[PDB]
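Here we start with a single chain on its own, the form deposited in one PDB entry, put down as structure tokens.
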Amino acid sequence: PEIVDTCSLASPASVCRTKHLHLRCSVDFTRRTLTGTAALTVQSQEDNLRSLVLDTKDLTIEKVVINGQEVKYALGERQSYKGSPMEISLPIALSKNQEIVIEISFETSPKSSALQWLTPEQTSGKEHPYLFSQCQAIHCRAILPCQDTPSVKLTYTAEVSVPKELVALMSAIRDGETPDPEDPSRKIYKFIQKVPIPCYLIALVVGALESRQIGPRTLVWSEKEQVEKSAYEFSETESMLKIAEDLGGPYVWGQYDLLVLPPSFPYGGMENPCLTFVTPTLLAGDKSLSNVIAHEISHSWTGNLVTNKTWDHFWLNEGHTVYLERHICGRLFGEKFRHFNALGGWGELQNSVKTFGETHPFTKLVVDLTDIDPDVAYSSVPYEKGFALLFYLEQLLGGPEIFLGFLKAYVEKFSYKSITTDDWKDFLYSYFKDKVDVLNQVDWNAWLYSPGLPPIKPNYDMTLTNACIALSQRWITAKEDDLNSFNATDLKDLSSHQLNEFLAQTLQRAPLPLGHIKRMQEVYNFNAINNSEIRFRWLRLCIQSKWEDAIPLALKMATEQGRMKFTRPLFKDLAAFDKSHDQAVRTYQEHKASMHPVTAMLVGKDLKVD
């Protein structure tokens, strides 16, 4: 009854398991390489184990040492996005449960899909270079040889040599700094991660970083020019951590720091333990995009403690995290607000299913990533279809207080483990044993394994959404002689969240007539809003409605930041608009080399370029 991770070429957990990584490396900005040694403490799960295989991707291996002597190893042929398997011949056959240390000397490639190297010009300060990693889902193998599967969890320690003027941070507790004895122009930063983690949660950033304390267990880190704005934007972090602890149980990770990255960071956030990474596009100036922080906080339980065993079961990570996320927002801002955000999430699920197609394999909750690059499959589906299932179960099983009881018991049960959907379902049934008749009424096969929208839509309070729908419908049904009736006062009683939902509702019916869009700018002045989510949707609405004036604005947003949620749809819209098509392609070509490697790959596919 053993499980296989079809995204990894390494030996499975049933054969051997990495227990610890000690990384010693040096960051060479001149060569854009990370060079050093990864010492893996590995425990045999088999009798008479004589070899094992590790994942690698575009790595250069110098040597492998065990027991102080070099051993034989072989790199297999590259298997596309999975990389190349590295088979290691053990000097002495191992008995079950025996542990040894394997020290591998390696160097990364400048084109490592895990890394983005930034020139000084690409940073805020314009004087120093900058490096950051992004290992999820399967890019850790592009930094170091490892069993690159979430089915294995390990602790780690690291020593990182960097230019003395720069700072290194990792997904771990800081353990001091000293000058580098082998090069006085450099400093060594040390780190300890004492809680076992999957290797996709290993993270490294190197740059001219400064910190400010914003809570009892939270520093914000960024380049100097962003520190003050970040400190204010994320000031509710400790209050959210407090609520999360109430819902999930104790926070076991020690510190909860935030790092605000350069604009090319590909996602809204990444839940790296001890150090959440976030996009600077959260800096709206009014804390309105703070749900992303609530999301990353929640991962400290769902995802980082209870982890998906393979990426086929990613919805376990994201569905429960979004569920907890929206409860944090519900406690902060009220239950009607939780329902508003939930209903918005259904709307995002609609968009994703319509984008992929209602029969597409990636619209299933549990997917099959055999021979599929995870970055290509990545979408809102596991997030929102996952949340929808949990929200549906909440309402079926007696309400939020009852289901939050399940959530906390679930985290407790599977803490420090990696699990499948069947593990989750088995415990759901165990926990709600007295309500199995209700559980047996859900169409499990449809919810878990069928494409398309779920077989049943949950009940949503409409209170906060109603004004958004009403105004969107006024615009959509408006004829030319109705345009005069619209006025800035229309927006008087709408929050930024409601303005965003108004645009989301309207974008779902785009295009609108060009004259309507021009009137919208005339009376609402949406061009003036810097809120990234609002501006994103407004610009999409403009381009899809064929307003040439918006072309430079859309091109600017698409390139001045690199969050894929924004950059990909903007480029795709610009490509589909005949007037901007050639310029969209030219702009991608010009920027490609300086984009994040994953983002460059996906925009290229989207644009059918190269």
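Residues carry their position along the shown sequence, with the first being 1.
There is another form of the same protein, the form solved in complex with a small molecule; it is not shown, and what comes next is about it.
Practice item. May I ask you to choose, among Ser151, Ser264, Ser161, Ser300, the residue with a heavy atom within 4.5 Å of the small molecule in the deposited complex? Key: Spelling it out, the residue with a heavy atom inside the cut-off is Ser161.
**Study point:** the small molecule: the contacting residue among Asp180, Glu87, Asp490, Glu103 in the deposited complex [heavy atom, 4.5 Å]
**Key:** It is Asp180 that has a heavy atom within 4.5 Å of the partner.
Review point. Does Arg24 reach the small molecule in the deposited complex, with heavy atoms at most 4.5 Å apart?
Key: Yes, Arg24 sits close enough to the small molecule in the deposited complex that at least one of its heavy atoms falls within 4.5 Å.
Review point. Quick one: does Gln45 come within 4.5 Å of the small molecule in the deposited complex, counting heavy atoms only?
Key: Taking the distances in the deposited complex, the answer for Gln45 is no, it never comes within 4.5 Å of the small molecule.
Check your understanding: Does the small molecule come within 4.5 Å of any heavy atom of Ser545 in the deposited complex?
Key -> Contact with the small molecule, no.
**Study point:** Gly36, heavy atom within 4.5 angstroms of the small molecule in the deposited complex
**Key:** Answer yes; at least one heavy atom of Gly36 falls within 4.5 Å of the small molecule in the deposited complex.
Practice item. Could you tell me which stretch in 24-32, 65-73, 575-583, 546-554 has residues with non-hydrogen atoms within 4.5 Å of the small molecule in the deposited complex? Key: This holds for exactly one stretch, 24-32.
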